Amino acid sequence: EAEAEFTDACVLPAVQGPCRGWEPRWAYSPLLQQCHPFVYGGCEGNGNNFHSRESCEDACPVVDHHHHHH
């Protein structure tokens with residue numbers, strides 16, 4: 001896959017939650033191999049919730065593809 005192959009929260013899609021307030025957060029997308037902003041709800045959600053572009057890529061960074069995988 002990517003070099004990140006262990007399913008960390010960053011590999012997991014993000015969620016808003018049952019709330020109705022809209023809190024901007026950042027989430028990593030392995031399908032985009034990058035982080036993007038998203039609408040979050042400030043209540044229950046998944047762990048793929050970052051404070052910035054920075055913190056998100058810092059959690060799941062890109063490195064040169066020293067393919068340990070196929």
# chains A, B, ... in the order shown; residues from 1 in each chain; ligands from 1
call {"tool": "select_by_dssp", "arguments": {"residues": "chain A", "states": "helix (DSSP H, G or I)", "output": "PyMOL selection string"}}
result
chain A and resi 9-11+53-59
call {"tool": "select_by_dssp", "arguments": {"residues": "region 7-61 of chain A", "states": "strand (DSSP E or B)", "output": "list in words"}}
result
residues 23, 24, 25, 26, 27, 28, 29, 34, 35, 36, 37, 38, 39, 40 and 50 of chain A
call {"tool": "atom_distance", "arguments": {"atom1": "CA of residue 25 (chain A)", "atom2": "CA of residue 4 (chain A)"}}
result
21.3 Å
call {"tool": "residues_around", "arguments": {"residues": "region 6-17 of chain A", "least_positions_apart": "3", "cutoff": "9 Å", "atoms": "only C-alpha atoms", "output": "PyMOL selection string"}}
result
chain A and resi 3+20+22-23+26-31+35+38-49+56+59-60
call {"tool": "residues_around", "arguments": {"residues": "residue 65 (chain A)", "least_positions_apart": "2", "cutoff": "9 Å", "atoms": "only C-alpha atoms", "output": "PyMOL selection string"}}
result
chain A and resi 2-3+62-63+67-68
call {"tool": "decode", "arguments": {"residues": "chain A", "atoms": "C-alpha atoms", "output": "mmCIF file, in the first residue's frame"}}
result
data_model
loop_
_atom_site.group_PDB
_atom_site.id
_atom_site.type_symbol
_atom_site.label_atom_id
_atom_site.label_comp_id
_atom_site.auth_asym_id
_atom_site.auth_seq_id
_atom_site.Cartn_x
_atom_site.Cartn_y
_atom_site.Cartn_z
ATOM 1 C CA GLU A 1 0.000 0.000 0.000
ATOM 2 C CA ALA A 2 1.455 3.299 1.156
ATOM 3 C CA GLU A 3 4.479 2.833 3.466
ATOM 4 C CA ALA A 4 1.976 3.286 6.348
ATOM 5 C CA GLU A 5 0.399 -0.223 6.297
ATOM 6 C CA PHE A 6 -0.534 -0.708 9.973
ATOM 7 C CA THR A 7 -4.071 0.672 10.302
ATOM 8 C CA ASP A 8 -3.495 3.671 12.545
ATOM 9 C CA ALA A 9 -6.479 6.023 13.143
ATOM 10 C CA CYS A 10 -5.067 8.094 10.213
ATOM 11 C CA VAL A 11 -5.963 5.219 7.814
ATOM 12 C CA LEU A 12 -9.572 5.239 9.224
ATOM 13 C CA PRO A 13 -12.139 7.629 7.674
ATOM 14 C CA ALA A 14 -13.220 10.590 9.836
ATOM 15 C CA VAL A 15 -16.704 11.174 11.357
ATOM 16 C CA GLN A 16 -18.741 14.268 12.323
ATOM 17 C CA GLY A 17 -20.633 12.818 15.310
ATOM 18 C CA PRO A 18 -24.297 13.142 16.429
ATOM 19 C CA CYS A 19 -23.866 16.930 17.056
ATOM 20 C CA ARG A 20 -25.118 19.873 14.977
ATOM 21 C CA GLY A 21 -22.285 22.378 15.573
ATOM 22 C CA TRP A 22 -19.507 22.287 12.939
ATOM 23 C CA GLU A 23 -15.916 22.261 14.191
ATOM 24 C CA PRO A 24 -13.206 22.320 11.387
ATOM 25 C CA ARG A 25 -10.591 19.583 11.897
ATOM 26 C CA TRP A 26 -8.011 17.775 9.743
ATOM 27 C CA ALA A 27 -7.973 14.064 8.786
ATOM 28 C CA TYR A 28 -5.490 11.895 6.897
ATOM 29 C CA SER A 29 -6.739 10.126 3.781
ATOM 30 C CA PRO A 30 -4.657 7.080 2.668
ATOM 31 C CA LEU A 31 -6.777 7.087 -0.542
ATOM 32 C CA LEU A 32 -5.394 10.633 -1.114
ATOM 33 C CA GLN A 33 -2.058 9.727 0.583
ATOM 34 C CA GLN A 34 -2.414 13.177 2.240
ATOM 35 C CA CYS A 35 -4.373 15.165 4.868
ATOM 36 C CA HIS A 36 -7.408 17.382 4.240
ATOM 37 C CA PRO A 37 -9.716 19.641 6.365
ATOM 38 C CA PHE A 38 -13.164 18.219 7.305
ATOM 39 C CA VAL A 39 -16.302 19.089 9.263
ATOM 40 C CA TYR A 40 -16.300 17.519 12.743
ATOM 41 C CA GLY A 41 -19.054 18.047 15.410
ATOM 42 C CA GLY A 42 -17.184 18.486 18.755
ATOM 43 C CA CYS A 43 -18.795 15.316 20.253
ATOM 44 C CA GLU A 44 -18.170 11.542 19.620
ATOM 45 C CA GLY A 45 -16.081 10.843 16.477
ATOM 46 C CA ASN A 46 -13.083 8.703 15.431
ATOM 47 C CA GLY A 47 -9.419 9.242 16.311
ATOM 48 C CA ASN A 48 -8.582 10.574 12.810
ATOM 49 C CA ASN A 49 -9.014 14.122 14.097
ATOM 50 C CA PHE A 50 -6.127 16.593 13.809
ATOM 51 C CA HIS A 51 -5.653 20.195 14.796
ATOM 52 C CA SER A 52 -3.906 21.337 11.631
ATOM 53 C CA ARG A 53 -2.445 20.228 8.301
ATOM 54 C CA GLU A 54 0.893 20.103 10.152
ATOM 55 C CA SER A 55 -0.148 17.849 13.076
ATOM 56 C CA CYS A 56 -1.906 15.472 10.654
ATOM 57 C CA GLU A 57 0.976 14.990 8.248
ATOM 58 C CA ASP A 58 3.244 14.910 11.341
ATOM 59 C CA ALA A 59 1.109 11.938 12.546
ATOM 60 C CA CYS A 60 1.192 10.132 9.142
ATOM 61 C CA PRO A 61 4.079 11.661 7.122
ATOM 62 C CA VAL A 62 5.168 10.910 3.579
ATOM 63 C CA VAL A 63 8.667 9.542 3.104
ATOM 64 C CA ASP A 64 10.411 8.463 -0.121
ATOM 65 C CA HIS A 65 8.693 5.189 -1.035
ATOM 66 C CA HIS A 66 11.335 2.736 0.279
ATOM 67 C CA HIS A 67 8.755 0.047 -0.608
ATOM 68 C CA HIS A 68 8.817 -2.537 2.189
ATOM 69 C CA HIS A 69 5.556 -3.593 0.508
ATOM 70 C CA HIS A 70 5.264 -5.109 -3.005
#
